Amino acid sequence: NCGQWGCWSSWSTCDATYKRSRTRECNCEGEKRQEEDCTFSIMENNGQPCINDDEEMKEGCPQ
Amino acid sequence: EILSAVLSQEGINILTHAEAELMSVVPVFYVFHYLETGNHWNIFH
């Protein structure tokens, strides 16, 4: 069985703005704060969709 | 067509929870407008 970073903190409540933060303690090299975005703009919930790789613009009586 | 009309979890997640008070309160107007237009309130108990 033979400084180091500590454990991250709990994600703070999502503020009115996108800014949500998480902090790590050096209790060393690295970052002490990480600020990410959060808004939960997707209210609708239908199902997990499957996506393609790439698409194109363009492929009875006519028009 | 009657494809879909979906809106949920907005009233429970963000209803009441400095400069972003506008950003917070604006979507409530549109949610109320959608609820009045769709005429669907029986989804909740």
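If you're matching them up, the sequences are chains B and A in order.
Under PDB author numbering, the residues of the first sequence are numbered 551 to 552, 566 to 590, 601 to 632, 643 to 646, in order.
Under PDB author numbering, the residues of the second sequence are numbered 986 to 1002, 1008 to 1035, in order.
Ideal Cβ placement from N, Cα and C applies to all residues, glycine included.
Margin query: Could you tell me the alpha carbon to alpha carbon distance between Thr612 (chain B) and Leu1012 (chain A), rounded to whole angstroms?
Written below: 14 Å
Checklist line | Chain-ordered neighbours of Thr580 (chain B) on chain A, where CB pairs are closer than 9 Å | finding: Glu1009, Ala1010, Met1013
Check: Contact check, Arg587 (chain B) vs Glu609 (chain B) under 8 Å by CB: the rounded distance?
Finding: Incorrect: roughly 14 Å between the Cβ atoms, too far for contact.
Margin query: Looking at chain B, is there any beta carbon in it that lies within less than 8 Å of the beta carbon of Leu1000 (chain A)?
Written below: no
Next item on the list: Return the first residue and the last residue of the alpha helix (DSSP H) that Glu608 (chain B) is part of.
Entry: First-last for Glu608 (chain B): 606-609, but that is the beta strand (DSSP E), not the alpha helix (DSSP H).
Next item on the list: Return the residue from the list B:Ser573, B:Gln646, B:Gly643, B:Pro645 that minimises the CA-CA distance to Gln607 (chain B).
Entry: B:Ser573
Note to self: Going by DSSP, what residue range makes up the beta strand (DSSP E) through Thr586 (chain B)?
What the structure shows: 583-586
Notebook entry, point to check: What residues in the region 616-632 of chain B bring their beta carbon closer than 7 Å to a beta carbon of chain A?
Noted result: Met616, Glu617, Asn618, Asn619
Next item on the list: In the DSSP assignment, find the alpha helix (DSSP H) that holds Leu1025 (chain A) and state where it starts and stops.
Entry: 1011-1028
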